[PDB]
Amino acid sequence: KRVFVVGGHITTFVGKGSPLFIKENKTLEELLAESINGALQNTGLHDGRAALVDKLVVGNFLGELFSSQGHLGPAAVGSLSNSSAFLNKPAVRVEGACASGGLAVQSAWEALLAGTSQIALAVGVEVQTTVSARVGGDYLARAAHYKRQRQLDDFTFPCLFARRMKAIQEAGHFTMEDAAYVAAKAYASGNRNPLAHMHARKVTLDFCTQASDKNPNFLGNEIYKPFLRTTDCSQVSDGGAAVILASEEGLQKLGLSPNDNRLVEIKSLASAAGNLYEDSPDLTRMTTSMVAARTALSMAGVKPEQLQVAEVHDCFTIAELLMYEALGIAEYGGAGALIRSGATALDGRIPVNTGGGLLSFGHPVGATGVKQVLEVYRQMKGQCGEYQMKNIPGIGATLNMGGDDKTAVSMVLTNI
């Protein structure tokens, strides 16, 4: 049993600060329908041929809250509205905070590997633009241990990293200044990607560094307030991303080949999750994410250098740093290196978040997990346009994270 990425579609990521943000805004249903249908063409399923799927997996976090909506499993089925025929197929919403996307994958994964499916669709989506940021920051706290952590601020989720930050610099583990380097990189990266939430924007590294008013310590908190600049914060984005997956059997039905140019194969997927209550005593580690990483690669049998490209959960500049660390692409404390070495950059030896990552491309939660993969696919298939890689990678991987290293998902992809 082996798994091939076929294709998919990432919608544009919009939200407040995007010129596309408002005519009436896009709906979660719309957004969903789009990401689905869009995935069909790139996979050539579109008109009536759209019924060769055995399973639908939705990855969403806060539908029930922002858009007052759960039960998106069957909502998948009628995103075709005649041509509408997904009816009576396995469908389900899954949820793991910010890693809901990677999870949506793990389901389809296990299914085909069972044989329930040989062809499946995983779609992440996330509309978050229906409420205030105060309100939305509350809804976000559902990813935390609410009753004992919302206590921090109305912007609860920022506060946890400000603290992971605050500590980790004084441990002489890296410069908060390194958190500006990451920032600059992914932003200018976003400037090469028209899908990006923050494509139409950039500013000085110094502006990303500190000394800012347009980039303030917005935290209502009076303790970890300065340990976070708006730079380091991700985006509140709307948008979807769908992906079609197949088995060798699924291929045969589709009439394809295990080495057919059109595809990329997956040979690793690893899930791991920790204690929502018992907070890490080592804030300079993403153990879950460290765990998840190590497993996947070990399942495929490669070293953390044997690859060329990566997409990781930069919910904060901080995260990306730790992400570097949370994988064997970077050694302990030495995150300051590769970020400045610029190996993580597009011309760098190890391009990472070439389209901008969560910071710039944006962070529609459910969607984020799927986006990573599709991104790695396009770079593998020369599709990344003005941030397309010169030197095409045949080996790539992903790292999706929910909460505070609470959940983590990883994957191994090989270009064929």
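For every residue, the number given is its place in the sequence shown, counted from 1.
Student: Check the residues of the deposited sequence separating residue 88 from residue 89 and report how many of them have no coordinates, as none, 1 to 3, 4 to 9, or 10 or more.
Tutor: Per the deposited record, the segment joining residue 88 and residue 89 has no missing residues.
Student: Identify the stretch, either 349-357 or 61-69, whose C-alpha atoms have the larger mean B-factor according to the entry.
Tutor: Higher mean C-alpha B-factor: 349-357.
Student: Which is higher in the entry, the mean Cα B factor of 332-340 or that of 266-274?
Tutor: Mean CA B-factor is higher for 332-340.
Student: Report the option among 55, 390, 378, 371 whose CA atom has the maximum B-factor in the deposited record.
Tutor: By C-alpha B-factor in the record, 390 ranks first.
Student: Tell me which of 225, 313, 145, 199 tops the list for C-alpha B factor in the record.
Tutor: Answer, based on the entry's C-alpha B-factors: 225.
Student: Looking at the entry's B-factor column for C-alpha atoms only, identify whether residue 9 ranks in the lowest, middle or highest third of its chain.
Tutor: According to the entry, residue 9 has a C-alpha B-factor in the chain's lowest third.
Student: Going by the entry, which third of its chain does the Cα temperature factor of residue 93 land in?
Tutor: CA B-factor rank for residue 93: lowest third.
Student: If you rank every modelled residue in this chain by C-alpha B factor, which third holds residue 152: lowest, middle or highest?
Tutor: For residue 152, whose C-alpha B-factor we compare with every modelled residue in the chain, the answer is the highest third.
Student: Would you check the entry's CA temperature factor for residue 232 and let me know if it's in the chain's lowest, middle or highest third?
Tutor: Within its chain, residue 232 is a middle-third residue by C-alpha B-factor, going by the deposited values.
Student: Among the modelled residues of this chain, does the Cα B factor of residue 166 put it in the lowest, middle or highest third?
Tutor: Its C-alpha B-factor belongs to the highest third of this chain's values.
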